[PDB]
Amino acid sequence: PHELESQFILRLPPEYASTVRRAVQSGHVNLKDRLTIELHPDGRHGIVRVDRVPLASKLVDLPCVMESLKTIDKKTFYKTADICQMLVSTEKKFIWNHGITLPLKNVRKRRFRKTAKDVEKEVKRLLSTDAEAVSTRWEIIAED
Amino acid sequence: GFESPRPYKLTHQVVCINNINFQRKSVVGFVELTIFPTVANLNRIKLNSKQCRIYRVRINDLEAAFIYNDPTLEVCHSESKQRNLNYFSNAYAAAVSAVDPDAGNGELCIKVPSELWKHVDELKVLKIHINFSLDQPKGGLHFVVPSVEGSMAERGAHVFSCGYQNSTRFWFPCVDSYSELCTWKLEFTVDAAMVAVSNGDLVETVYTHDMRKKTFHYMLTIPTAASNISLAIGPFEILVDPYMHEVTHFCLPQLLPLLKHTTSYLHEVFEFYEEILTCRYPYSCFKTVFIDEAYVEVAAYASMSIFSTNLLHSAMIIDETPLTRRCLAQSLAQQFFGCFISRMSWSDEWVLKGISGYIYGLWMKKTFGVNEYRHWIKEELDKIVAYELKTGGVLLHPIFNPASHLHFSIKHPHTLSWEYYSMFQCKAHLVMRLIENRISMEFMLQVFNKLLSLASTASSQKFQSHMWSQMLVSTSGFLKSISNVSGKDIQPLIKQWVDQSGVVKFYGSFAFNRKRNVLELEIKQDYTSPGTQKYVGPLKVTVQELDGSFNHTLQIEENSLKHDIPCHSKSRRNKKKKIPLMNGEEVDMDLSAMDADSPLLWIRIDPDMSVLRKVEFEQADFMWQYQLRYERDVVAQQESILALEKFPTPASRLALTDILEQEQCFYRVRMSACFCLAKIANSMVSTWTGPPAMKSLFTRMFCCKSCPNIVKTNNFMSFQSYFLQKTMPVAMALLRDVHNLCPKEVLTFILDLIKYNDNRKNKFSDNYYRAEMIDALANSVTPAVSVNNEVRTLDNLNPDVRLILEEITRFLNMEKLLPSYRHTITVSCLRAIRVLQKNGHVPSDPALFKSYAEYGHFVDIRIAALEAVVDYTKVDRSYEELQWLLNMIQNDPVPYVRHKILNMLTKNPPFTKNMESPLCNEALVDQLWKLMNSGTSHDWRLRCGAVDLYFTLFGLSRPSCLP
Amino acid sequence: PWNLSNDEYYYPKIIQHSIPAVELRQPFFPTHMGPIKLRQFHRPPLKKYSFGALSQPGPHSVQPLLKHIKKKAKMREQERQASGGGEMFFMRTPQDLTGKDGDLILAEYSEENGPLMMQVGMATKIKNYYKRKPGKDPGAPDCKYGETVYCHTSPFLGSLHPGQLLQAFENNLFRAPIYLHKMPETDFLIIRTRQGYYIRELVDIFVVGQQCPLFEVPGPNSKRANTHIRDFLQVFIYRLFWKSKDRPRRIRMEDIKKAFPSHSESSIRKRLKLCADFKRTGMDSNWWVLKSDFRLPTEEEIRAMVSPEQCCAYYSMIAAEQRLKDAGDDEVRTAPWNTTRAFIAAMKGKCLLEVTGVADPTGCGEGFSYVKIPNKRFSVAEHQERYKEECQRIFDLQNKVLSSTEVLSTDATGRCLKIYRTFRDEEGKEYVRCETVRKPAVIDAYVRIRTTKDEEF
């Protein structure tokens with residue numbers, strides 16, 4: 001079978017980003033030894049090791065949706081993957097408010113329309129507790 | 001690749017004109033050509049010249065010897081006793097080929113002096129200075145000099161270059177081919193009160209030392225041919241376009257407000273033609289000249305167009321705005337693709353005519369709507385299938401005879417019949433629509449942009465034709481550019497519709513198989529008629545069933561007859577649901593007339609007109625009525641109107657009446673439904689229940705609510721109920737009673753429409769509506785019951801016709817004091833007097849029409865009166881009227897009138913070849929042979945018209961009525 | 001003297017995807033999307049592998065792929081020059097759609113949830129619309145990507161200025177203005193697969209403005225919706241019959257039940273009733289063999305059955321159905337069936353749109369709102385011109401804000417719910433727990449089930 005590839009964006013500190021960029025544009029396999037990525041079983045924490053120097057990482061959710069688009073002639077572009085996550089290196093904490101481009105900053109707060117009426121999972125847990133019970137008493141309340 | 005048929009290459013030409021004398025109708029001038037010989041030992045140089053008296057010729061300021069002979073002056077010898085037309089057609093083709101600049105030939109043969117042979121062998125420049133004079137031209141330059149006294153600018157005298165194709169040889173010596181491109185320098189020394197308009201841009205205008213004349217200097221740096229060079233000298237009122245500022249409009253004096261209103265649309269035509277193609281307008285200026293006694297209604301030259309003044313209308317004139325608008329549009333289309341990109345041979349003319357007509361049809365689509373586009377395409381297709389089934393066929397791109405089924409040679413444009421030239425342009429633009437159907441419209445516009453871009457990179461070089469021949473298109477270059485942009489080649493479509501000269505005829509009939517739920521079509525072709533050919537490609541058919549509209553492609557090979565296509569359900573008759581149409585919408589249909597076992601509502605064979613075809617489909621009458629009512633295609637509504645005339649059932653009357661009452665139907669479908677309803681009403685007399693047809697509908701739509709017989713006061717601001725209102729009594733007058741006489745209820749209705757007409761309140765004129773009222777009065781005239789050939793006098797007049805005669809007398813006399821826009825009521829009243837004379841009502845006397853056909857009248861009055869005289873000399877077998885018409889062909893000042901008299905005498909001939917007539921002498925055969933041979937030697941359109949008249953009257957063999 | 005063709009009553013109104021996309025292959029075009037997969041629609045989380053090299057916990061080296069990129073590009077150029085040198089079609093396999101080769105750009109979206117969005121494997125074009133200056137103009141400012149076209153009639157709602165080039169994504173789904181920005185200097189692109197990590201740099205990232213929809217998303221329970229569900233199931237059944245190696249082609253029912261598990265089996269039987277029959281006994285037992293008289297449709301007929309853009313419109317509909325369902329009339333107006341119908345009707349000139357409203361995906365004055373307003377003391381030119389000018393103003397504000405490279409500084413009853421629960425502890429006990437829910441969101445979802453279960457009796 002075929003499994004859709006999973007692309008994400010890696011953001012590094014600027015000096016380490018310059019060393020990683022120089023090693024990528026060089027093209028040797030020396031970069032392979034220099035750059036490693038260890039993702040912790042939390043799922044939202046990691047180490048990126050640049051030149052064997054550990055950096056602390058967080059995998060965050062991006063507010064917009066990006067899409068990688070490949071081309072052969074630079075006139076027709078084929079969508080290859082959807083990017084929604086970034087492993088910035090240096091829950092509410094795992095949500096990034098800004099977008100990658102310069103015009104998109106504070107997009108989640110300002111350029112996103114918010115419509116409102118985790119919570120569903122809590123309601124399911126409450127229903128399960130009511131089922132495991134015997135007698136349930138309920139009242140919409142006031143200030144108390 | 002273009003290799004010249006001439007052994008020299010022309011680089012630059014100076015045309016200087018002095019001494020334009022309007023009293024004596026004379027010009028003097030010189031011409032200086034700059035040729036580079038391509039072959040050594042050039043010796044003779046052959047140029048084109050007609051009607052010019054060549055005074056002297058100097059080559060490199062050395063005196064040279066020329067010899068002039070024109071074989072097309074007298075085509076056959078005077079003392080040859082041949083009288084068949086095939087001899088004249090071969091001799092005329094050989095004579096035109098002997099002066100052809102598309103071969104190496106020419107009429108003026110100049111001998112290079114001996115001392116320049118060492119200058120010509122090593123190929124160096126030659127400057128030929130001819131000076132000439134036109135003494136009193138019978139062609140080329142037309143001098144319109146009115147007989148009011150005053151100065152020549154005070155009386156309105158002007159000159160313009162007339163003619164078609166290569167007719168610039170008629171006013172200066174040149175290489176009069178479309179393939180000899182050169183740059184130009186044009187000087188015209190005219191009177192101080194006159195302006196000289198020509199091709200190029202006006203670099204200066206200097207005075208003469210007496211300040212009584214001034215010289216206009218034009219320069220043309222874009223290399224054009226000699227055939228695209230024009231001239232208009234007159235006392236023109238100049239108007240700069242207030243939107244585009246390189247465009248100047250010239251009109252005759254006192255016609256400036258008409259020019260302001262008329263030429264106010266042209267910037268939108270410019271914007272369209274520069275937005276669908278991506279090239280800007282190639283020339284640096286544009287000039288529109290409006291003149292009197294024009295050759296054609298619209299002529300297009302390089303950076304210039306010459307229209308007639310009869311196109312100029314004011315703001316209150318409708319029914320003339322679209323016609324003038326589309327004349328301007330096709331002149332601009334020919335500016336792009338007839339004058340900038342030119343022709344490589346006489347073949348590959350179909351390319352240019354097709355691109356011009358196709359982009360003009362795209363303009364018509366955007367401007368007047370897709371429905372007007374479909375109606376125009378259908379009327380052009382009906383025109384060509386009528387002409388090709390009538391006589392042989394039109395052959396785009398012949399190979400050099402290739403077409404021997406027709407009485408002229410197609411090797412040169414000046415031997416073609418004028419009807420063949422018109423059908424040539426018509427078929428060329430329809431074949432270009434077919435190429436757009438195979439290869440999509442955006443790729444087509446990319447082809448045209450590639451041609452224009454090659455031409456405009458070519459147009460700026462200075463190399464003498466190393467690169468100036470990229471401005472000439474051919475068929476192979478056009479097909480190669482198509483194959484470059486699309487990757488598909490159209491060589492089967494080119495082989496079928498261009499190289500083969502025929503249209504196809506389809507006879508279809510269906511049968512619905514209820515058991516297997518299929519539709520068995522039966523399409524057979526008539527391929528043994530003289531104009532037809534056999535189609536073997538694919539064919540689209542559109543079937544409207546209860547489940548919707550489905551398209552099917554059928555492969556119609558030679559041995560094919562039965563095509564089984566599948567049919568869908570009939571579950572939209574189980575429940576009442578809406579039936580979905582060809583577009584996305586759906587409607588409620590009354591399914592009571594439909595068959596219970598078949599789901600299919602109508603069938604259309606080739607709906608998109610993707611072949612050059614004539615379809616004869618055999619549906620049932622309810623299918624034609626459903627196709628008239630609920631179709632979303634105007635050509636299918638028109639063909640259902642055309643096919644409902646064979647079914648006079650009252651359901652068809654209800655269908656056409658529901659079409660007539662329906663706004664949001666296209667107006668030209670309702671105008672056809674009027675005449676179809678009149679024919680159906682005439683066929684179901686002694687069954688018709690209530691009032692005459694369309695009368696109650698006219699009083700419901702166009703009359704007052706409180707007074708049914710008083711018409712509403714004229715407000716023509718809707719432009720669709722105006723056309724329907726002016727076309728409904730014209731069809732209503734074709735009603736006939738059981739006695740074959742028009743009823744006195746419809747004639748009284750038309751006369752009350754005439755009496756109660758009030759036009760003091762609309763912003764538009766009433767001339768076309770009143771002219772159509774006279775046409776409706778003329779339609780009601782039935783033949784009178786003469787007893788013992790009783791002389792038609794005033795007392796034994798019909799009581800019906802006395803009212804009609806009083807009305808047309810009142811209208812014609814009031815036109816003599818308050819004239820209409822183009823004397824439309826004069827034309828309608830002359831036509832109605834000829835209608836009354838054709839029946840036994842007014843005495844058959846041509847003296848009225850002979851007085852209206854004099855020179856000083858308007859040209860529409862002249863051609864209406866001459867049409868009446870041609871009809872009279874056909875019916876009364878008049879010898880002296882035929883001699884009057886032939887004399888008017890020989891010496892009339894307006895050449896358009898001469899061409900129109902030959903045209904009308906060809907369409908309505910005084911006798912055919914089958915008839916024994918008293919007018920079949922040897923004298924008439926000798927007169928018409930002298931008119932073909934000599935006499936019409938100055939026009940190239942009168943000579944082809946005389947060939948057409950001799951073919952219509954005496955046929956292709958020896959005139960029979962002869963010793 | 002005018003149009004006079006009643007065209008609004010007669011006529012009321014190129015992209016080649018990859019061979020995995022036009023054949024609707026199941027990684028790229030999913031048959032079924034559950035609720036947690038509809039909430040993560042076009043935002044796929046980083047999944048943990050169970051087997052593979054990355055499934056073992058620890059540090060993992062990323063691998064540079066620049067010999068791979070230039071080797072694949074040189075190989076594709078050899079293929080193109082061996083085939084005559086013209087333009088070729090390369091995306092014929094799923095392995096052509098990897099990010100490991102070719103020139104990648106990124107494309108960011110301004111809206112959170114667009115009305116239409118491309119699946120993986122689908123193609124789009126970049127068109128550079130350039131309105132010439134009045135009279136003389138130098139020529140289109142040249143651009144690295146896309147082809148240039150001269151637009152006298154603006155494709156978008158606003159109109160282009162003279163001498164203004166605007167790039168845009170153009171495909172069958174939408175048309176949207178894009179704006180090229182340079183990438184940040186710190187961000188790289190890591191392509192992880194089962195075997196390892198791979199790294200590319202990126203240099204070009206476009207920002208995609210508000211989409212102009214060209215395809216109408218169907219509504220829920222619509223006729224077009226049910227037709228697409230039935231046709232998608234039929235195409236999947238035909239492609240399972242084509243994949244069958246048995247000489248009487250035969251499939252199993254629980255393959256289709258694995259693909260479409262929300263479908264009642266009455267609908268799957270209905271699709272298999274014509275074109276197949278169930279064998280209970282003998283050979284081919286418990287298989288749905290293909291009928292011997294049935295001609296299985298060819299590949300082009302199966303491609304003509306369902307289009308990929310119809311699948312994208314269906315996925316947009318069911319994702320919006322989930323988002324609306326989770327959030328308990330303003331929101332219903334912002335649903336893509338309503339907004340796509342409104343925009344396509346506005347493009348046919350049926351009706352006008354209030355360009356300021358609640359369907360605005362920004363939530364501020366930037367961006368349009370595609371909800372229908374009637375086209376009706378002026379009742380004609382005033383309304384039309386007002387709508388047109390508001391459209392040009394919004395188009396021009398969005399272009400400016402998006403192309404800005406300026407840095408932006410980082411910035412009813414009032415009643416709670418209380419529940420008493422009675423349970424039995426180990427051995428013998430009867431403790432009662434009183435729990436108070438102060439979250440009004442938890443409240444709404446909780447109560448709605450009881451009120452439903454109270455009526456569910």
# chains A, B, ... in the order shown; residues from 1 in each chain; ligands from 1
call {"tool": "interface_residues", "arguments": {"of": "chain C", "to": "chain B", "cutoff": "12 Å", "atoms": "only C-alpha atoms", "output": "list in words"}}
result
residues 1, 2, 3, 4, 5, 6, 7, 8, 9, 10, 11, 12, 13, 14, 86, 87, 131, 132, 134, 135, 136, 137, 139, 149, 150, 151, 152 and 153 of chain C
call {"tool": "write_last_selection", "arguments": {"atoms": "N, CA and C atoms", "output": "compact mmCIF listing (two decimals), in the first residue's frame"}}
result
# COMPACT_ATOMS: atom_id res chain seq x y z
N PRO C 1 -29.93 48.36 -31.80
CA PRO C 1 -28.94 49.32 -31.32
C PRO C 1 -28.33 48.87 -30.01
N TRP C 2 -28.82 47.74 -29.52
CA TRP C 2 -28.41 47.18 -28.24
C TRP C 2 -28.28 45.67 -28.37
N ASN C 3 -28.26 45.01 -27.22
CA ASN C 3 -28.04 43.57 -27.15
C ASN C 3 -29.21 42.81 -27.78
N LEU C 4 -30.40 42.94 -27.20
CA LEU C 4 -31.68 42.40 -27.69
C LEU C 4 -31.74 40.89 -27.79
N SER C 5 -30.70 40.20 -27.35
CA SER C 5 -30.69 38.75 -27.25
C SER C 5 -30.98 38.43 -25.80
N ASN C 6 -32.11 37.79 -25.55
CA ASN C 6 -32.50 37.43 -24.20
C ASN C 6 -31.61 36.26 -23.77
N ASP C 7 -30.40 36.59 -23.34
CA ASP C 7 -29.39 35.58 -23.07
C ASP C 7 -29.50 34.99 -21.68
N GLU C 8 -30.03 35.74 -20.72
CA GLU C 8 -30.14 35.24 -19.36
C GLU C 8 -31.22 34.18 -19.23
N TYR C 9 -32.09 34.04 -20.22
CA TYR C 9 -33.13 33.03 -20.23
C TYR C 9 -32.77 31.81 -21.06
N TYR C 10 -31.84 31.95 -22.00
CA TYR C 10 -31.40 30.83 -22.81
C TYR C 10 -30.13 30.19 -22.26
N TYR C 11 -29.21 31.00 -21.75
CA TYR C 11 -27.94 30.53 -21.20
C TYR C 11 -27.79 31.20 -19.84
N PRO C 12 -28.20 30.53 -18.76
CA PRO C 12 -28.41 31.25 -17.49
C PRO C 12 -27.14 31.57 -16.74
N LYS C 13 -26.00 31.00 -17.17
CA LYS C 13 -24.69 31.29 -16.54
C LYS C 13 -23.99 32.42 -17.31
N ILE C 14 -8.75 21.33 -18.47
CA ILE C 14 -7.42 21.82 -18.79
C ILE C 14 -6.45 21.35 -17.70
N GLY C 86 9.15 18.08 -26.01
CA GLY C 86 8.01 18.90 -25.66
C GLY C 86 7.71 18.84 -24.17
N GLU C 87 6.50 19.25 -23.81
CA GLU C 87 6.14 19.14 -22.41
C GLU C 87 5.53 17.76 -22.19
N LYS C 131 -2.89 43.65 -15.99
CA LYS C 131 -3.59 44.69 -16.72
C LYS C 131 -2.58 45.71 -17.23
N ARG C 132 -2.60 45.94 -18.54
CA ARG C 132 -1.57 46.83 -19.12
C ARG C 132 -1.84 48.25 -18.64
N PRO C 134 -2.57 52.32 -19.32
CA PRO C 134 -3.28 52.99 -20.40
C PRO C 134 -2.23 53.37 -21.45
N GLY C 135 -2.55 53.13 -22.72
CA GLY C 135 -1.56 53.38 -23.77
C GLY C 135 -0.31 52.53 -23.63
N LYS C 136 0.87 53.15 -23.65
CA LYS C 136 2.14 52.39 -23.66
C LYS C 136 2.41 51.69 -22.32
N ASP C 137 2.89 50.44 -22.35
CA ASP C 137 3.30 49.74 -21.10
C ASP C 137 4.57 48.95 -21.39
N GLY C 139 5.67 46.00 -20.19
CA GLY C 139 5.44 44.55 -20.30
C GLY C 139 5.22 43.99 -18.91
N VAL C 149 -0.99 36.19 -18.23
CA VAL C 149 -2.15 36.44 -19.08
C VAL C 149 -2.60 37.87 -18.83
N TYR C 150 -3.02 38.53 -19.92
CA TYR C 150 -3.42 39.95 -19.83
C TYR C 150 -4.92 40.03 -19.60
N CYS C 151 -5.35 40.45 -18.41
CA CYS C 151 -6.80 40.41 -18.07
C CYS C 151 -7.47 41.77 -18.15
N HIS C 152 -8.27 42.01 -19.19
CA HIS C 152 -9.04 43.28 -19.29
C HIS C 152 -10.26 43.15 -18.38
N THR C 153 -10.78 41.93 -18.21
CA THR C 153 -11.92 41.70 -17.28
C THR C 153 -11.36 40.99 -16.06
call {"tool": "closest_atom_pairs", "arguments": {"of": "chain C", "to": "chain A", "cutoff": "6 Å", "atoms": "only C-alpha atoms", "output": "Markdown table"}}
result
| residue | atom | partner | partner_atom | distance |
| --- | --- | --- | --- | --- |
| C:43 | CA | A:84 | CA | 5.4 |
| C:58 | CA | A:38 | CA | 5.7 |
| C:59 | CA | A:38 | CA | 4.2 |
| C:60 | CA | A:36 | CA | 5.2 |
| C:61 | CA | A:36 | CA | 4.2 |
| C:62 | CA | A:32 | CA | 5.4 |
| C:63 | CA | A:32 | CA | 5.0 |
| C:66 | CA | A:27 | CA | 5.9 |
| C:97 | CA | A:80 | CA | 5.6 |
| C:102 | CA | A:70 | CA | 5.7 |
| C:103 | CA | A:70 | CA | 5.4 |
| C:104 | CA | A:70 | CA | 4.3 |
| C:105 | CA | A:69 | CA | 5.4 |
| C:106 | CA | A:68 | CA | 4.9 |
| C:107 | CA | A:67 | CA | 5.4 |
| C:108 | CA | A:66 | CA | 4.4 |
| C:109 | CA | A:64 | CA | 5.9 |
| C:112 | CA | A:64 | CA | 5.8 |
| C:120 | CA | A:79 | CA | 5.2 |
| C:121 | CA | A:79 | CA | 5.4 |
| C:122 | CA | A:78 | CA | 5.6 |
| C:123 | CA | A:78 | CA | 4.4 |
| C:124 | CA | A:77 | CA | 5.3 |
| C:125 | CA | A:76 | CA | 4.6 |
| C:145 | CA | A:74 | CA | 5.3 |
| C:146 | CA | A:75 | CA | 4.5 |
| C:186 | CA | A:17 | CA | 5.2 |
| C:187 | CA | A:11 | CA | 4.5 |
| C:188 | CA | A:10 | CA | 5.3 |
| C:189 | CA | A:9 | CA | 4.7 |
| C:190 | CA | A:8 | CA | 5.5 |
| C:191 | CA | A:7 | CA | 4.3 |
| C:192 | CA | A:6 | CA | 5.6 |
| C:193 | CA | A:5 | CA | 5.9 |
| C:327 | CA | A:117 | CA | 5.6 |
| C:361 | CA | A:113 | CA | 5.6 |
| C:362 | CA | A:111 | CA | 4.6 |
| C:363 | CA | A:113 | CA | 4.1 |
| C:402 | CA | A:103 | CA | 5.4 |
| C:404 | CA | A:103 | CA | 5.8 |
| C:405 | CA | A:102 | CA | 5.9 |
| C:415 | CA | A:141 | CA | 5.2 |
| C:416 | CA | A:141 | CA | 5.3 |
| C:417 | CA | A:140 | CA | 4.9 |
| C:418 | CA | A:138 | CA | 6.0 |
| C:419 | CA | A:138 | CA | 4.8 |
| C:420 | CA | A:137 | CA | 4.8 |
| C:421 | CA | A:136 | CA | 5.0 |
| C:422 | CA | A:135 | CA | 5.1 |
| C:423 | CA | A:133 | CA | 4.9 |
| C:442 | CA | A:119 | CA | 5.6 |
| C:446 | CA | A:123 | CA | 5.7 |
call {"tool": "residues_around", "arguments": {"residues": "residue B:260", "least_positions_apart": "6", "cutoff": "9 Å", "atoms": "only C-alpha atoms", "output": "ChimeraX atom specification"}}
result
/B:239,241,249,314
call {"tool": "write_last_selection", "arguments": {"atoms": "N, CA and C atoms", "output": "JSON list (two decimals), in the first residue's frame"}}
result
[["chain", "number", "residue", "atom", "x", "y", "z"],
["B", 239, "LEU", "N", -12.96, 65.44, -37.59],
["B", 239, "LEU", "CA", -13.37, 65.23, -36.21],
["B", 239, "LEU", "C", -12.39, 64.28, -35.56],
["B", 241, "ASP", "N", -11.38, 61.78, -32.69],
["B", 241, "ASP", "CA", -12.12, 60.94, -31.76],
["B", 241, "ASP", "C", -11.86, 61.39, -30.33],
["B", 249, "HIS", "N", -11.89, 61.15, -37.99],
["B", 249, "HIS", "CA", -13.06, 60.85, -38.80],
["B", 249, "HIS", "C", -13.33, 62.02, -39.72],
["B", 314, "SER", "N", -28.50, 59.63, -37.19],
["B", 314, "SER", "CA", -28.51, 60.47, -36.01],
["B", 314, "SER", "C", -28.90, 59.63, -34.80]]
call {"tool": "select_by_dssp", "arguments": {"residues": "stretch 20-251 of chain C", "states": "strand (DSSP E or B)", "output": "ChimeraX atom specification"}}
result
/C:60-64,105-109,123-130,147-149,165-170,174-182,187-192,197-201,204-208,212-213,250-251
call {"tool": "residues_around", "arguments": {"residues": "residue B:503", "least_positions_apart": "5", "cutoff": "10 Å", "atoms": "only C-alpha atoms", "output": "number ranges by chain"}}
result
B: 381, 384-386, 388-389, 393-394, 496-497, 527, 531-535, 611-614
call {"tool": "atom_distance", "arguments": {"atom1": "atom CA of residue B:140", "atom2": "atom CA of residue B:169"}}
result
7.8 Å
call {"tool": "residues_around", "arguments": {"residues": "stretch 431-435 of chain B", "least_positions_apart": "5", "cutoff": "7 Å", "atoms": "only C-alpha atoms", "output": "NGL selection string"}}
result
:B and (354-355 or 358 or 497 or 610)
call {"tool": "write_last_selection", "arguments": {"atoms": "N, CA and C atoms", "output": "mmCIF file, in the first residue's frame"}}
result
data_model
loop_
_atom_site.group_PDB
_atom_site.id
_atom_site.type_symbol
_atom_site.label_atom_id
_atom_site.label_comp_id
_atom_site.auth_asym_id
_atom_site.auth_seq_id
_atom_site.Cartn_x
_atom_site.Cartn_y
_atom_site.Cartn_z
ATOM 1 N N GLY B 354 -11.301 34.237 -43.754
ATOM 2 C CA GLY B 354 -11.849 33.490 -42.647
ATOM 3 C C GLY B 354 -11.500 34.083 -41.300
ATOM 4 N N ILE B 355 -10.273 34.588 -41.142
ATOM 5 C CA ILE B 355 -9.895 35.187 -39.863
ATOM 6 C C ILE B 355 -10.634 36.501 -39.644
ATOM 7 N N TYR B 358 -14.257 35.585 -38.886
ATOM 8 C CA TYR B 358 -14.378 34.891 -37.614
ATOM 9 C C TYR B 358 -14.229 35.845 -36.435
ATOM 10 N N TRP B 497 -13.333 20.189 -45.842
ATOM 11 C CA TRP B 497 -14.127 21.392 -46.026
ATOM 12 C C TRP B 497 -13.425 22.489 -46.805
ATOM 13 N N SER B 610 -21.795 21.809 -36.510
ATOM 14 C CA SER B 610 -20.382 21.470 -36.586
ATOM 15 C C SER B 610 -19.957 20.951 -37.952
#
call {"tool": "decode", "arguments": {"residues": "stretch 29-41 of chain A", "atoms": "N, CA and C atoms", "output": "PDB file, in the first residue's frame"}}
result
ATOM      1  N   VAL A  29      26.983  13.687   3.311  1.00  0.00           N
ATOM      2  CA  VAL A  29      26.257  12.884   4.345  1.00  0.00           C
ATOM      3  C   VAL A  29      26.836  13.257   5.711  1.00  0.00           C
ATOM      4  N   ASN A  30      27.796  14.182   5.739  1.00  0.00           N
ATOM      5  CA  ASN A  30      28.363  14.669   7.025  1.00  0.00           C
ATOM      6  C   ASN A  30      27.214  15.291   7.822  1.00  0.00           C
ATOM      7  N   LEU A  31      26.288  15.963   7.133  1.00  0.00           N
ATOM      8  CA  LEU A  31      25.113  16.585   7.801  1.00  0.00           C
ATOM      9  C   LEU A  31      24.315  15.495   8.516  1.00  0.00           C
ATOM     10  N   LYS A  32      24.234  14.295   7.940  1.00  0.00           N
ATOM     11  CA  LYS A  32      23.376  13.242   8.540  1.00  0.00           C
ATOM     12  C   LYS A  32      23.846  12.956   9.965  1.00  0.00           C
ATOM     13  N   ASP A  33      25.152  12.815  10.177  1.00  0.00           N
ATOM     14  CA  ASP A  33      25.696  12.599  11.543  1.00  0.00           C
ATOM     15  C   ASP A  33      25.447  13.839  12.407  1.00  0.00           C
ATOM     16  N   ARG A  34      25.625  15.035  11.837  1.00  0.00           N
ATOM     17  CA  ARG A  34      25.524  16.295  12.623  1.00  0.00           C
ATOM     18  C   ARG A  34      24.099  16.569  13.115  1.00  0.00           C
ATOM     19  N   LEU A  35      23.072  16.303  12.300  1.00  0.00           N
ATOM     20  CA  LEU A  35      21.720  16.685  12.672  1.00  0.00           C
ATOM     21  C   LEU A  35      20.893  15.452  13.011  1.00  0.00           C
ATOM     22  N   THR A  36      20.433  15.359  14.263  1.00  0.00           N
ATOM     23  CA  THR A  36      19.539  14.281  14.677  1.00  0.00           C
ATOM     24  C   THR A  36      18.296  14.866  15.333  1.00  0.00           C
ATOM     25  N   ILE A  37      17.237  14.056  15.405  1.00  0.00           N
ATOM     26  CA  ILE A  37      15.949  14.463  15.968  1.00  0.00           C
ATOM     27  C   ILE A  37      15.424  13.328  16.837  1.00  0.00           C
ATOM     28  N   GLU A  38      15.236  13.631  18.126  1.00  0.00           N
ATOM     29  CA  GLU A  38      14.669  12.632  19.072  1.00  0.00           C
ATOM     30  C   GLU A  38      13.319  13.155  19.556  1.00  0.00           C
ATOM     31  N   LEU A  39      12.237  12.434  19.264  1.00  0.00           N
ATOM     32  CA  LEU A  39      10.892  12.827  19.661  1.00  0.00           C
ATOM     33  C   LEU A  39      10.468  12.009  20.871  1.00  0.00           C
ATOM     34  N   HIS A  40      10.079  12.696  21.937  1.00  0.00           N
ATOM     35  CA  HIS A  40       9.785  12.059  23.209  1.00  0.00           C
ATOM     36  C   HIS A  40       8.395  11.426  23.183  1.00  0.00           C
ATOM     37  N   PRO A  41       8.129  10.439  24.049  1.00  0.00           N
ATOM     38  CA  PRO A  41       6.804   9.791  24.045  1.00  0.00           C
ATOM     39  C   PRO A  41       5.666  10.655  24.560  1.00  0.00           C
TER      40      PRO A  41
END
